[PDB]
Structure formats: structure tokens, C-alpha cells
Undergrad: 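There's a structure below that I have some questions on.
Chain naming here is simple, since letters A, B, ... match the order of the sequence lines and numbering starts at 1 in each. The analysis underlying the following values was restricted to heavy atoms, covering all of them including side chains, and did not include hydrogens, waters or symmetry mates.
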Amino acid sequence: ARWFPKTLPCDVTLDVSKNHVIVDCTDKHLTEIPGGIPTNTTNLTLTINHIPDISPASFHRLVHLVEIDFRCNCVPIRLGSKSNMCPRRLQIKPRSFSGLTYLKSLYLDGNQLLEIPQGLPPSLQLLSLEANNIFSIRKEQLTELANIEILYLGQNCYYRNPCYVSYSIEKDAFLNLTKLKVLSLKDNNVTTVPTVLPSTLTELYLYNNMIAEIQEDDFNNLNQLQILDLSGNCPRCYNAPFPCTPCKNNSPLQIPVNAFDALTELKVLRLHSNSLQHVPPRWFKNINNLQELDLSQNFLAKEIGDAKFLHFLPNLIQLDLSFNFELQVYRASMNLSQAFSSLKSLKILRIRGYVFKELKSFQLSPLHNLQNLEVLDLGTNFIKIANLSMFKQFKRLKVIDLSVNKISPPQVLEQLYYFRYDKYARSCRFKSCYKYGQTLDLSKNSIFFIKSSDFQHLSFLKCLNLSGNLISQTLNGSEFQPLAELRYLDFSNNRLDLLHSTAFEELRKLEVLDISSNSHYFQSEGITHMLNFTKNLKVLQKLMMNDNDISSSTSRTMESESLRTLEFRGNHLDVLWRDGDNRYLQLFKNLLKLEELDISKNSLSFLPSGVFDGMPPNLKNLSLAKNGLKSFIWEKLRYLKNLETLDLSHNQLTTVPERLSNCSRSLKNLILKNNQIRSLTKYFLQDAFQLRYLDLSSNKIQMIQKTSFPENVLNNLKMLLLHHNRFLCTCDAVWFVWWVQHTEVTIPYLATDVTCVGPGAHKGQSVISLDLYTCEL
Amino acid sequence: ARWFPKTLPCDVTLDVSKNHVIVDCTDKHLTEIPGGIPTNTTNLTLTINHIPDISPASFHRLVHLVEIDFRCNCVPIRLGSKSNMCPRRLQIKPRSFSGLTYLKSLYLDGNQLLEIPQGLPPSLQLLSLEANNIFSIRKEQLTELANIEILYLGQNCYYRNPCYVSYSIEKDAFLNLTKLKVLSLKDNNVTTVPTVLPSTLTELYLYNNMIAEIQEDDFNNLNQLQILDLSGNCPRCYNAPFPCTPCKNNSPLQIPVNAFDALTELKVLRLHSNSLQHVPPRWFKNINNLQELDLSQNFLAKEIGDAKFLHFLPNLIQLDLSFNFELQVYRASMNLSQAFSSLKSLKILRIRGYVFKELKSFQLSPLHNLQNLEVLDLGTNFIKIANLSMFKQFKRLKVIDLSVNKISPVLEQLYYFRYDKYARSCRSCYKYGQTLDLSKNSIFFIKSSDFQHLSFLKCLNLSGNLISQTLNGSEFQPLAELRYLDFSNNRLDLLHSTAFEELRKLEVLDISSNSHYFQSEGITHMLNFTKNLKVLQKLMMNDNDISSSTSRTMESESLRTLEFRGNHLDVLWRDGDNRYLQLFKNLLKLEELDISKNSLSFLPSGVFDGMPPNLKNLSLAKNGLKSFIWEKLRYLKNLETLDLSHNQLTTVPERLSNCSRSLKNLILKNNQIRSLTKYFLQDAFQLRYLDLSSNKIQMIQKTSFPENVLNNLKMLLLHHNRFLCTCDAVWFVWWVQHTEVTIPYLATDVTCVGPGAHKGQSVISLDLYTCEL
RNA sequence: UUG
RNA sequence: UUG
Ligand SMILES: *[C@@H]1O[C@H](CO)[C@@H](O[C@@H]2O[C@H](CO)[C@@H](O)[C@H](O)[C@H]2NC(C)=O)[C@H](O)[C@H]1NC(C)=O
Ligand SMILES: *[C@@H]1O[C@H](CO)[C@@H](O[C@@H]2O[C@H](CO)[C@@H](O)[C@H](O)[C@H]2NC(C)=O)[C@H](O)[C@H]1NC(C)=O
Ligand SMILES: *[C@@H]1O[C@H](CO)[C@@H](O[C@@H]2O[C@H](CO)[C@@H](O)[C@H](O)[C@H]2NC(C)=O)[C@H](O)[C@H]1NC(C)=O
Ligand SMILES: *[C@@H]1O[C@H](CO)[C@@H](O[C@@H]2O[C@H](CO)[C@@H](O)[C@H](O)[C@H]2NC(C)=O)[C@H](O)[C@H]1NC(C)=O
Ligand SMILES: Nc1nc(=O)c2ncn([C@@H]3O[C@H](CO)[C@H]4OP(=O)(O)O[C@H]43)c2[nH]1
Ligand SMILES: Nc1nc(=O)c2ncn([C@@H]3O[C@H](CO)[C@H]4OP(=O)(O)O[C@H]43)c2[nH]1
Ligand SMILES: *[C@@H]1O[C@H](CO)[C@@H](O)[C@H](O)[C@H]1NC(C)=O
Ligand SMILES: *[C@@H]1O[C@H](CO)[C@@H](O)[C@H](O)[C@H]1NC(C)=O
Ligand SMILES: *[C@@H]1O[C@H](CO)[C@@H](O)[C@H](O)[C@H]1NC(C)=O
Ligand SMILES: *[C@@H]1O[C@H](CO)[C@@H](O)[C@H](O)[C@H]1NC(C)=O
Ligand SMILES: *[C@@H]1O[C@H](CO)[C@@H](O)[C@H](O)[C@H]1NC(C)=O
Ligand SMILES: *[C@@H]1O[C@H](CO)[C@@H](O)[C@H](O)[C@H]1NC(C)=O
Ligand SMILES: *[C@@H]1O[C@H](CO)[C@@H](O)[C@H](O)[C@H]1NC(C)=O
Ligand SMILES: *[C@@H]1O[C@H](CO)[C@@H](O)[C@H](O)[C@H]1NC(C)=O
Ligand SMILES: *[C@@H]1O[C@H](CO)[C@@H](O)[C@H](O)[C@H]1NC(C)=O
Ligand SMILES: *[C@@H]1O[C@H](CO)[C@@H](O)[C@H](O)[C@H]1NC(C)=O
Ligand SMILES: *[C@@H]1O[C@H](CO)[C@@H](O)[C@H](O)[C@H]1NC(C)=O
């Protein structure tokens, strides 16, 4: 097909509509900007390389650049790899950017720069210098940024990237940047709010600094400000996972009552970790539009019981009062002020880490009439007692979250969220059952025993999360009787005792059941387990039974008219299917609608004959990955007449079938990565017209000849993976080298990991760049 | 040193006292008996190879052989590898053994043999033909075994190795084997006890067969028999993990009341899985010496409550009545007959799988006066209730085992349910004193009074319960003598630094696999709880996912071993955060620290300085370590063992001696090392063990590996590298061929990878004369 | 690779 | 390899 092979070690994309030529050289172990970058290049990304300098020659030809992303070519020592530390800061020579008349966005984050780079074109809207070593801002260094709208300067002086002094900002440094919308000075050891800021700011980020006091006029002119973040100034340091220095005398960040008076447009106020003890209502006198308020990680335990300020927040969407508990105090109950009832717009309330013994219905009465309330998060509260029936008054909610408690008789937050330093930190790369309906999340509690009356009045629930409790009982179909509407039960990380084949049958509308990581009782010999419990679940679509160490079953067959997906990863089918024992060879046969089966990680070093014949007739998607498979009778695929995806990754296979078409007419996706294949059979893919995806990566293949890979098949492939093999680039490889260079077929990692290993001369050389003319003399 | 390199791909060992020359060729991927086997060879082992034939030429020179072990050179299809199936049964030519005048023991197990091999010498005392295809025994084929004392014939016809007929034994086939002591016909599809057996038998194994009936005279003459095993005839098949066919009519193995009358010497009787419903006392009328009786996997639930037969067993040491429960019956309690009191010699009583709701003190009264009772096993009984205090009447016992029950206020894990627990392959806190094992119960909450009257306990096993409480040092008050607590696989909440402090005599604490509360942010954990445990020697806190700690230091005057595998020291030691760099410093007598599997891709500076002063043994394995500042080992002045296995290191120190003068054992296996530094081992005289296996080393020169060091090494591991066998390698190849230093796998995995000619060739066999022209 |  |  192609007349001119692509040798450039970067992905090139065309977006004809937006007039964009996108060149992505992310993480290509470059020590130089590569030659041959298209002249029409608009967006060039060189992040995570080791290019030690920029010069007028760097971008000479590239006069149409709108965006240069040159991040993380010299990451500060403690932020970067300890195996490849950058020896000297990036050097930017004069005039490197002044010729780029159309340049809108420049990212120079993570390059150990000492100063704001000069000579930047007046087109620039966005400049980013995070994770550098710039800790003095002078008005004179900013005159070049007349048109700048977005300026990121954070992470230039903090514990991971120290500068060993206070940050310095000259008076009025930013004032004459008349179009500046977004200013970020986070994580920078700043001691005062810099003034005067231009009145065009929409977003101001001042968090994780050393600001002890806000002056009453610090935000006087910012009548367009929408987002203000002052978090992590006078931090609450208890159990902090980073070095944390509090303000002296347990002082809060001191905020005058009239500090916010000019912020009539403010939508987001973030006061996380400011050691606040009071929230004066006078703060919010002139902010009628505030939508999001974060007051997490303070000392507002008393204030939550008073909270006059809430009367001024009728448009608030999101309130977070998490982790406000008094140290070494365990309150008897949660005292929510009546003032919460005035939060007419509230969709999301989070109050983790209040820390109290007993939740009772009346304590939530202030919320009964919040019509728009969607999420109530009372996680990580060490609640010992809670009658779940109280949530009958909360049918309108999408999520009731009691995760991480001590109870016994629409996006999830990262596992580190309230305690991390900077949850918005940008990486060097880049720049759940809620969907089923009403969710009650009781995960990570101390529930040892359940009975029907625990769920009295909760028939509206679509999802119940019981993950990570202590449930050890012989469920018999009597325990969830009220849960008539339940579509999803997550029962993972309990100790299910499957003595009874009637377990879960009362959940007549159950579509998905997760009983993964319930291995306990499956580890002891002589215990009766009824894997045939599936028969009674008439609308079950998906069953997850992973990591259960299942090596025995009293019943011989699982049956279902409905089940489409079975995850059975991390069990011991090798023990059930011991060579000579026929009894379990039809375990899955009567799952008549099953399409997806995952039996990876079952220590299946071989498959006894009868396994494939025993498969249910409509199996589409089979994983046998990570089994230590040392042999495989390819012909047995003939029994799986609807097989579309076969995953055999991470095994010990040494051969492919002589003729894949003769094994399976239906197979579309063949994953063979991470095996021990050293050669392909002569006619491997001959007439395999249905094949669309083939992964032969991370094998030991030396040679590939034309006969194995006919062109009428290769042309149908959406992707062919060949990387990390042992290719021999001798004159015997002429066809393969030619074909790789010239094909239109998508083959990933040509630039990094489709490499000759030999002979001598060409060792470590990309096959895409290989010249074999000496073979044609 | 050596003048003649050892090229034979087998270990050769000398035992001068017994005049033995031991040649072990186990698992050497041989397809031929190797040449050059010493002429003086007495014991030759060729197990797990693919040698397709034996012939007169096989052992011609080896006239002094006493033992040939030639097992598993052609394993039956379903018993063997499916990746290397044996194509044709072993072929044994005539006269292969008749020249071996001194041959005492021949093992030919696992070779797909169809017949008993003939032409065996009259010296033979032991013949073994397990896992063959010999399923008809003819008197004529046994005449050659006049002097045989031990004959193994089992596993020749069973579900893993089927013969598709009944086993056949001709009448009196064994009678004229006048010195036969041990006969094993297990796992063979035998239908009747073969008769007449010789009266010299000490041991008869007939288990896992199809014997429905014992005739009254089957064992008439066996007045020397010590062990009889008839188990697995009319099996109890409930929840069996193998294909199991019961006797028709739910029948037991039928044993007439006088069948054992002649067995005056019997010490062991095994009647496991015989579907017995009754144990007639008349069985044991003439056996006063029986010591071991296994009656597990029967239907003797009612019989346990009666059990008149026990009155005839005053010398019994070991009784097993495990897995005798009636299907779908969950008894209220355990009914032990008063007859148990007559078992004056009993050391070990096992009654798992009785299956009952509540154990009460009175129910064990029949045992109160068994003076020698050492082990009481009531595991896998689904007991819901048991007052632990009842065991105050049992201080004399070594182990009280309530493992796998349902209580709430060592045998292989498969034992009672496996087919043949004595099958031959081709190739714990009891020690501390009184042990109460409550592992795998449903204990959610504990308090001091649960342990009332149990102050004598030395080991308590609470492993695999549901304990989720903030232990505060009040919960084990009575357990004043406890030396070992296994608290693994619970949900310890380490809120309180006073946890466990009441166990004033605790030497070992295991709180491994208590990760639960360590997985959620904002929870207070006090790792400094070690301070209060004044005699603690060993602390195991593996697989706890520990990534946060309210306290900054662990302290102990006593602790010698800390296992901290499978945690998140990488998070505690984030580059820039100094606060936890002395976590272990104040464990002043610590000698062994295991911080493998802590995702430590690098070690921040200060880690080594923060190590306690007497550290001898440090594991940093399986951390994905990509770099390592070897010079920092200077801080570990007492370091003897450094384990850096399974990492991504690419280099060794320029000079190991300049890093550590104390280091004896350096484990670097499974890294990415491609070359050694020029002077690597110069003057590191006290180095004794070096493992460089599974790396990418191409060349090793004498400067890196001076001989004044290498010769002192007890072991040097080099296998699975990328050795380039050019003329540059002359020294290394010479030294490897000639050294006395132990180097494992020379015969199998110390290989050239090039150039061309020598690719895949063993370094030990490499001829490099062309380099010396 | 006699489980 | 800014968490
Ligand atoms: C190419 O560069 C331009 C400008 O740097 C990018 O345009 C930005 O796109 C994002 C989309 O998330 C918008 O939010 C910004 O407001 C745009 N800025 C400008 C000045 O146009 C464009 O995204 C880049 N394209 C690629 C593929 O990287
Ligand atoms: C933030 O600035 C403070 C000073 O305002 C820095 O603290 C100084 O650090 C040097 C070296 O650590 C010391 O000699 C001085 O004693 C410190 N002064 C004070 C007042 O504490 C601090 O290092 C800066 N933080 C970072 C991470 O760079
Ligand atoms: C070498 O072969 C002899 C002969 O088979 C072995 O000696 C026997 O070892 C068994 C195993 O415990 C003893 O119980 C016998 O009493 C020994 N004597 C005889 C004559 O059988 C000897 O152990 C073998 N040595 C090795 C290391 O394999
Ligand atoms: C043990 O012997 C029995 C016969 O007593 C074998 O069973 C016969 O096997 C063939 C083939 O499976 C059948 O056609 C016969 O009907 C069987 N006879 C009976 C009486 O069942 C059995 O296969 C043998 N067991 C093993 C493991 O080899
Ligand atoms: N798994 C299980 N959990 C129990 O709680 C139980 N109680 C009695 N039993 C009996 O023990 C036998 C082995 O588990 C089971 O078989 P059963 O005779 O039907 O009755 C069962 C229990 N089994
Ligand atoms: N780990 C733990 N387990 C508990 O059961 C508990 N109850 C209250 N608390 C309090 O919650 C805080 C966060 O773990 C702890 O700090 P405290 O305020 O000293 O008291 C503790 C508990 N902590
Ligand atoms: C709740 O707390 C506030 C503290 O401001 C207190 O004034 C109020 O009376 C408390 N109410 C209850 C029900 O405890
Ligand atoms: C839980 O509250 C409900 C009413 O919502 C009531 O029916 C039930 O009895 C309560 N249960 C307990 C144990 O308090
Ligand atoms: C249930 O909770 C666990 C633990 O919090 C979480 O990992 C899991 O994703 C949740 N399950 C669903 C279905 O959302
Ligand atoms: C299930 O268990 C409950 C426990 O109270 C019992 O009422 C019910 O009868 C049991 N179900 C069956 C099928 O026995
Ligand atoms: C499951 O199998 C058992 C036999 O082991 C049978 O008695 C029980 O009724 C079966 N249950 C279903 C739903 O098939
Ligand atoms: C096959 O199943 C796996 C999970 O087992 C899934 O990730 C994958 O997308 C499926 N493939 C197709 C083609 O549906
Ligand atoms: C495989 O190959 C042979 C020859 O084309 C043919 O006879 C046989 O039917 C084929 N089987 C399948 C399932 O394609
Ligand atoms: C357990 O037995 C002891 C006597 O050994 C007694 O002191 C205690 O009260 C008993 N516990 C219960 C709950 O009956
Ligand atoms: C405690 O019981 C567990 C679970 O059976 C067992 O694995 C462990 O080895 C026992 N602990 C000790 C210290 O022997
Ligand atoms: C620990 O908790 C116990 C049991 O609830 C409590 O009564 C006691 O005061 C505490 N003990 C110690 C040693 O602090
Ligand atoms: C452990 O550390 C905490 C504070 O971090 C302290 O309150 C406690 O007393 C310490 N305990 C011991 C035993 O050192």
C-alpha cells in the first residue's frame, strides 16, 4: 500500500475539520527532537523524554504550532525516576519561541527551570510552569504575557520540590495582565495573597501554602471570580500522609467577615484543611450564587450542630463537612443543625469523619424536605448502630453511603481523597452499581449476620453493597425477602457458606451477583457447597465468583436460562478437572445463554479432553489466561461454534495451529501475548477470513514468512500486535521487514518495541528504520 | 584445582563407610543412560528422564549395583505431563538385570510396563512396579522372586490409570515367596483377598479396591502381620473429590466376626471408607496389641455412642472416628460412649465430621481419666457453642483442635477426603507447649472471661476468625503463660498502642493478613504497640497493606525478627517525607527484617541509616527496585545476608569490599545484570554465598571474580544467564570446568547462548582448543 | 512426572 | 516521570 514508510517515532493524527496536525511523541526515550516532523504540525507533544535543550532550530520549520507540550524532560529529582535522574536543567536558548506567531499554549512543566522563559510570542493564551524551580515572580518577567489567560505556576516550592525560602511576588506583578482568567499558585510556600490581582480572574488557586491571614481587601476587585481555593493554609495535620506544619497555637486561617463581599459571581469556595472552628454567616452576605462548598478537614464538629451560615446558601448544590471530628472524642450521635433544611438546592452532602456511635432516624430530620438531595455520604464514621429502615424516607436519593463503619446487628471518590496533599495534581502524562438506581452501600462494616427484617421498608433499592463484611451464614433464601426490586448485590469479600442451593433466590429481580473473594469455606475439605444455586435466579445476567479457591462442589452442574457472563477467575478448575475425573466436565454446559466465561488463573496447565465439548453452545468470549498452559489442542476449538474471542495470554504455549481456519470458522479475536512461541506455522492464517484482531506480542518469534500471513487476511485486521519478539533481521527477513515498513495495518509500538535482536550490526535497531539493500545486490 | 573435569550430568557422592558410590541423575532430560558412570557405582538413580529402553549394555560395567531406581521414564498418560507425553512404553531387553549379582532394590514404577520383568537376580529383596499396566499376577512370573521381601504392585488399575477389567491373582501366587514381608496391592481394582499369602507378611495393603467380602479364613495364617489396610473397599462417597463407586445395597465391606483371630501381632488396622455401620467387639477378641485404628469415613455416628469394642483396646495409642456423620443430620451434641474411659493407652483421638451444634463439658467426661491423652481433634464439626473453660480439665494435652467450626460468643489440608494419602511421587506452634487451636471459627468479639481457667496455654491459634475489635490490652488477661499467638487472617484494628500488652510472656505474635482497616484513609493505627511487649522475639505483620501510621517509630528491647512483607513502605517513604525513615531504628536487638514486596522501586537516602544497629538478615526482594546505592550498605555494620532477588537491578558495586566487610550471603537472582564491574569481588574475603542466577550476564573475567574469593564460597549460582562462549571466555570456562566450588545446574542450565556453533551447549562440555592454536 |  |  504505502509508498513512503513512516520512520518518525511519534504518532501523527489528522483532524481536517479543526485544521489540526497532531504529533504525539510522548515517552519515546528521545534525547533529541526527531527530524521530519510535518511542517503543518499544529500540536506537538514531547512530554516525558530527555531532550536537554531547546533552540531556534527546535521548531524552525513548524511555523503553524498552536500548542507545544514540552513537560517532564527534566523532572525535579524527588518527583522523577531515581533510576534516570535528570543531570542538568533544561536549557532554553533565546528566540526559541519568538518565531511561533500562532502559539496559543505552552507547557514547560517539570523541567527544573529557574526563571520564567522570555521571548514568548504575544499570541500565547496558556503558560504552564508547574514542578519547576521558579519561586520569585517579578513584574518585569511578566510583561511578555500581555495576552495571557491561563497561568499555572504551582508545585515550584513544596516538600517534594523544595526551594528553602518563602515564595516572593512583587506588588501588582499580575495587575497589568488584563486578560488573565486562571491563576494557580498552589503548593508554592506563598505567605500572602498577592495583590492587586486583575479583575478578569475567574479562578484563583492558592491552596497548600503558608498564608496565615486574608486581608479584608485581598479580593476587593475580583467581581468575576467563580472559583476560589484557599485550602491547606493552617492545615489540620492529624494523620496527614505528608509532612504537615500547622499554624501556631492551633490557629485557623484568619478570614475577615467581609473578605468575600466583592465575589458576587463565586460558584466554588474550597476551604479544606484550614483548621476552621467557626463559619461566620457574614462570609456569605453577598454570595447568593455559591454552588460548591468544601469545609472538609477542619474542626467544625460543634459548628455542624449550629451552622447559621447555611441559611445564606439556598443555591448550594454540594456541601462537604467531612473530617471535622474533635480528636479523642467519640460522640454518641450526629447533631445536624435544623439549618440544613434551608439548603433547598442541595444534591450532595458528605459528612465522613464526624465519628459517632449511633445513627437514629430523627438525626436526619433536617434533610427530610431537601427535594433535590441525591447523595448522602456518612462513610468513615465508626457508626456501631443504624436501623437501615430509616432510609425509607430517602427513596429519592441515588446513593446512601455508609461505607467504612462499624455497623452490626454519580462517581466514587479515590481511596485517598480527604487525606491526600493535592488531589488535583497533574501527572507528567495527560493534559460500580450506581447506574442501576437507588444504592445502599454498607461495604466495610461488621455485619456478621443478616435477616429479612434488617431490610424492612427498603424494597425500593436497586443496588446493595455488602462488600467486605463478615457474613458467614448458610444463606437459604430467607435473608433479603423485602428487597423485591434489587438488581445488583455485591457480596464480595464475605465468607459465604454455599450449603444451600436456595441461596439468593428471594432476590427475584437480581441481574448481577458478585460473590467474589468468598474463599474461606472453600479452603477446608469435607464442606458441602452447592454451585447449582444458579437455577433459582431467573433473571440473573452476570455472576462473578472470582478468587474463591473453588476446588470442590457437591453439585456437578451449574444451570441457568438467563446467565450471560460468568467470571470464575482464581479458582481450582485444575483440581475439579483432574485427568481421569469426568464428573465436572459439564460444570458450565447447562448455562444455555452463557456468552462470556473467564476461567483465567485456575492453574490449568493442560485442558482434559471433554472441556470444550462440555462448554455451553453459545460461548462467544473465553479467557484461559494466566493458567500456566503448556499445551493446547487447537482442533478442539471446533466444538465452540460461536467462539469470537479467545484469550490465551500469559501462558507457556510454544506453537500456533497449522491452519487456524481449520480450527475455528467463527474466531475473530485471538490473544496470544506473553507465551513462548518461537515460530509461526507455514500456513498459520491461510483463509482465516473471520479473523479481525491478533496479538502475538511478548513471544520469542524470530522469523515471519509471507505464507503464514496472506494479504487477504491481513487487510481485514483492525490490529496486529508484534512487539517485544526476537526478530532476526537477516536477508531471510526481507519480506517481513518490507511488509512492516509498507503496511497500512495498525501495529502498535513500531517506534519503541518492534526491534531486531540480531545479527550483531542491527542489534537493538527498529525494524521500521532497517535498510536491507545489501540483500538485493 | 581438579585435574579431570566432571562431565557426567549426574551428582556423584561417596559414602566411604558403607562402601557406597551414589550416582543421582534425577530429572536431567536424559534420553540415554550417560556414559562414564563410575564402575564402583552402587546406587544409580535415573528417575524422571526419557530413556526409552534398558538392555544388557545399560549396566554392563556396573556389576556392583545394589540399587537401581529407574522410575517415571514413561509415566501413564493421565499421571504424566500432557506437554511431554511418553510415546511408547519402556522396553526392557532380556538379560538386562541377570548380570547384577548384588542387586537388592529395583524400582521400575511409572514406565507403562505390561508384565513383571523376568530375569531378575536372586539377590533382589525389593521390587517396585507401581503406576504400570500390570493387572494379572501369575505364579509362574513370581518364581524368579524367591528371595523377595518387599513387593509394590499398586496403582496399576484405578481411575487415573485404568485397566478396564478386574485385577486377577492366581491362587497361591504369593505362597512360595517364603520371605515376603510387605505386599501392596492398593489402588488396583482387586475383587478378593488373594490366598494363600505367606505367613511371613508383616504388612499387607489392600486399600482402594473392589473387595466386597472378607472370608473368615482370608487372614488365617498371618500370625506375623503388623499392618493391615483394607480401607476404600465399599467407600463412603459423599463429597469425594475422585470418581467413587459405593458397594450396591448401601452395603459395608462385610468382615466376619472371627476374620482377625489369627492376627495376634497386629499393631495397625486401617478401615477408612468401608461404609461400616457397626464395629463388632468380637473383631478384636485376640488382638490385645493393636495400637492404631482408623475408622474414619464410615457411618458409625450411632456406634460412637455405644462402642462396646473399645473395652478390648487397652493398648490403643491412636483412634480415628472422623467423618462418620449421618447425611442431613445435625446433632444437638456429641454422645461419646462411657466405653472411651477404657482406652487407658490412648494418646490421640480424632473425631472430625461428627457434625453437632453444641459441645458441653459433660460430653467429654469419658476422657477425663485418660492419663496419656495428648491430642483431641474435634475439627470440622460445625460447632456453634463451646465454653472454652471446659479444657481446664485437659491441661495434660499438647493439642486441643477446634479448627473449622462455627464457634462465636499437623495433617495435610486434604487428608480425610483424598484418594490415596500415602501415594509416592516420581521425585506450627505445637513446639511451644499446650495448644488451643480455634482457627477458622466465627469469633467476632473476644473478652477476658472467654479464656477463664486457661492460664496454662502456651499457644492460642485465632487465625481466620472475624475479630475486628480495637484490642486495648484487656482481652486475654487470663493467658498469663501464652508464648505464641496466631492472630493472622482477622481484622485487627490497631487503634490502641496497648494491644496485646497483657500477654506478658508472648514470644511470637502473628498479625499477618489483617489488612482490612489499613485499606481506608483517615483511620488511626499505632504501629508503636511493640513497646509494651517485653519478651516478644518475633513479630509477623505480612500482607497488611500498611501505608499509614499515626506513630512514627516502632520500639522494642526484645524483638529479633520482624516480618513486614506485603505492605506499602513505598508510601511511608515517599521521596521528600523524612518522618518514617526511623520506623525500625529503635528495634534495638532486631537481627532479621523482611521488607520484600513493599513496591520499593527505590530506597530514599536515610533508609539504611535508619536501620537498627544489629541487623544481620535483610530481604528487599520482589520490590521492583530499579536502582541501589551499594555504598549505603556501609551503615549496616553487622549485615550478613542481603536478599535482592526478583528486582530490576542492572549493576553490582564497583568494589563489594568497600560497601560491606561483613556480608556473607548475597542473593541477586532474577535481576537484569548484564556485566560485572571490573574489580567486583576484590578482597571481599568473608563472602561465602553468591547467587547471580537468572540475570543477563554475558562475560565474567578473573578481575571481577578473583580466585582467592571464589575458592572460599560454599555456593556460587550462575545458571540461566546469557554466557557468550568466545575465546574471551577462556578463563571462566576453564575455571567452571575445573573448580571444586559448588555450582548447581551445570548439567542442565549453565549454557552458552552463542556464538552460532556453541549455541545451547553446556559450558561444562565446551572445548575451546581453537583459541590456543 | 504415581498427589 | 508533577498524584
Ligand atoms: C491543540 O492545541 C489547541 C490549543 O492549545 C487545543 O485547543 C484547546 O482545546 C481544549 C479542549 O479540551 C479547550 O478546552 C481549550 O480551551 C482549547 N484552547 C485553545 C486556545 O484552542 C487543542 O485541544 C489541541 N488538540 C490536541 C489534540 O491536543
Ligand atoms: C518555605 O519557606 C520557609 C521560610 O519562610 C522555609 O524554611 C526555612 O528553611 C531553611 C532551610 O530548611 C532554614 O534554615 C530556615 O530556618 C527556615 N526558616 C523558617 C522561618 O522556618 C521552608 O524551607 C520553605 N519550604 C520549602 C518546602 O521549601
Ligand atoms: C543404596 O541402596 C541400598 C539398597 O537398596 C539402600 O539401603 C537400604 O535403605 C533402606 C531405606 O531406608 C533401608 O531401610 C534398608 O534397610 C537398606 N538396605 C537394604 C539392603 O535394602 C541405601 O539406602 C541406598 N542409598 C541411597 C542413598 O539411595
Ligand atoms: C475395574 O473392573 C471393572 C469390571 O469388574 C471394570 O468395569 C468394566 O469396564 C468395561 C469398560 O468400561 C465395561 O464395558 C464393563 O461393563 C465393566 N464391567 C463392570 C462389571 O462394570 C472397570 O472399568 C475397572 N476399573 C478400572 C479403573 O479399570
Ligand atoms: N457448609 C455447612 N455449613 C454449616 O453451617 C453446616 N451445619 C451443618 N452442616 C452439615 O455438614 C455437612 C458438610 O458441610 C453438610 O452436609 P449435610 O449433611 O447436607 O449438612 C451439612 C453444615 N454445612
Ligand atoms: N481505629 C478506630 N477504630 C474504632 O473503632 C474507633 N472508634 C472511634 N475512633 C476514632 O476515630 C479516629 C480515626 O481512626 C481515631 O482517632 P481518635 O480520635 O484518637 O479515636 C479514634 C476509632 N478509630
Ligand atoms: C447540637 O449542637 C449544638 C452546638 O452548637 C447545641 O447548641 C445543640 O443544642 C445540640 N443539639 C442536640 C440535639 O444535641
Ligand atoms: C427499625 O425501624 C423500623 C421503622 O422504620 C421499625 O419497624 C423497627 O422495629 C426498627 N427496628 C429496630 C430493631 O429498632
Ligand atoms: C462496593 O464497595 C466496595 C468497597 O468499597 C467497592 O470496591 C465496590 O466497587 C462496590 N461495588 C459496586 C458494585 O459498586
Ligand atoms: C431458612 O432459615 C430460616 C431461619 O429462621 C428458617 O425460618 C427457614 O425455614 C429456612 N428455610 C428453609 C428452606 O428451611
Ligand atoms: C443441587 O444439587 C443437589 C444434589 O447435590 C440437589 O439435591 C439439589 O436439589 C440441587 N438444587 C438444584 C436447584 O438443582
Ligand atoms: C471479552 O471478555 C473480556 C472480559 O472477560 C472483556 O474485557 C473483553 O472486551 C471481551 N471482548 C469482546 C470482543 O467482547
Ligand atoms: C479441516 O481440513 C480438512 C481439509 O480441508 C477438511 O476435510 C475438514 O473438514 C476441515 N474441518 C473444519 C472444521 O474446517
Ligand atoms: C463457662 O464455664 C465457666 C466454668 O468453667 C463459668 O465460670 C462461665 O460462667 C461459663 N460461661 C458461660 C457463658 O456459661
Ligand atoms: C493456625 O491455624 C492456621 C489455619 O489452619 C494454620 O495454617 C497455622 O499454621 C496455625 N498456626 C500455627 C502458629 O501453628
Ligand atoms: C479496655 O476496654 C475494656 C473492655 O471493654 C474496658 O472496660 C477497659 O477500661 C479498657 N482496659 C484498659 C486496660 O485500658
Ligand atoms: C504511640 O504514639 C502515640 C502518638 O503518636 C502516643 O500517644 C502513644 O503513647 C505511643 N505509645 C507508646 C506505647 O509509645
Undergrad: Would you mind reading off the distance between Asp109(A) atom CG and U2(D) atom P, rounded to a whole angstrom?
TA: 11 Å

Undergrad: Name the closest nucleotide to the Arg418(B) side chain, picking from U1(D), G3(C), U2(D).
TA: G3(C)

Undergrad: Calculate the interatomic distance between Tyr107(B) atom OH and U2(C) atom P; express it in whole Å.
TA: 16 Å

Undergrad: Run the side chain to side chain donor-acceptor pair (under 3.5 Å) test against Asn239(B) and tell me which residues pass, sequence neighbours left out.
TA: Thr528(A), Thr554(A)

Undergrad: Looking at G3(C), I'd like to know if its phosphate oxygens (OP1 or OP2) sit under 4.0 Å from a side-chain N or O belonging to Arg160(B).
TA: yes

Undergrad: Using the side chain to side chain donor-acceptor pair (under 3.5 Å) criterion, which residues pair with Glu115(B)? Sequence neighbours excluded.
TA: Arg138(B)

Undergrad: Counting only non-hydrogen atoms, which of residues 78-92 of chain A are less than 4.0 Å from RNA chain D?
TA: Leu79(A), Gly80(A), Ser81(A)

Undergrad: Rounded to whole Å, how long is the line connecting atom CG of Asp575(B) with atom P of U2(D)?
TA: 13 Å

Undergrad: Calculate the interatomic distance between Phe606(A) atom CZ and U1(C) atom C1'; express it in whole Å.
TA: 12 Å

Undergrad: Does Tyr158(A) reach a base, just sugar-phosphate, or nothing at all? Heavy atoms under 4.0 Å.
TA: sugar-phosphate

Undergrad: Just how far, in rounded Å, is P of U2(D) from OH of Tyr207(A)?
TA: 14 Å

Undergrad: Which residues pass the side chain to side chain donor-acceptor pair (under 3.5 Å) test with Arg426(A), sequence neighbours left out?
TA: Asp109(A), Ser128(A)

Undergrad: Hey, does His29(A) reach any base, or is it just sugar-phosphate, or nothing, if we go heavy atoms under 4.0 Å?
TA: nothing

Undergrad: Looking at every non-hydrogen atom in both residues, tell me the closest pair between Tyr418(A) and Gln297(A) and how far apart they are.
TA: O-OE1, 3.2 Å

Undergrad: Taking 4.0 Å as the cut-off, does a side-chain nitrogen or oxygen of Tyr159(A) come that near to OP1 or OP2 on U2(D)?
TA: no

Undergrad: Closest to the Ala423(B) side chain: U2(C), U1(C), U2(D)?
TA: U2(C)

Undergrad: For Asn208(A) and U2(D), give me the distance from atom CG to atom P, rounded to whole Å.
TA: 17 Å

Undergrad: Indicate, yes or no, whether a donor-acceptor pair under 3.5 Å links the base of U1(D) to the side chain of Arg71(A).
TA: no

Undergrad: For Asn161(B), enumerate each residue passing the side chain to side chain donor-acceptor pair (under 3.5 Å) test, keeping only those at least two apart in sequence or located in another chain.
TA: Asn133(B)

Undergrad: For the pair made of CG in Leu153(A) and P in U2(D), what is the distance, rounded to whole Å?
TA: 19 Å

Undergrad: Run the ring-centre check on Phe417(B) versus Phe323(B) and record whether the distance is less than 6.0 Å.
TA: yes

Undergrad: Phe242(A) CZ to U2(D) P: how many Å, rounded?
TA: 18 Å

Undergrad: Excluding sequence neighbours, so at least two apart, what forms salt bridge (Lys or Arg N to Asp or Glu O under 4.0 Å) with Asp575(B)?
TA: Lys82(A)

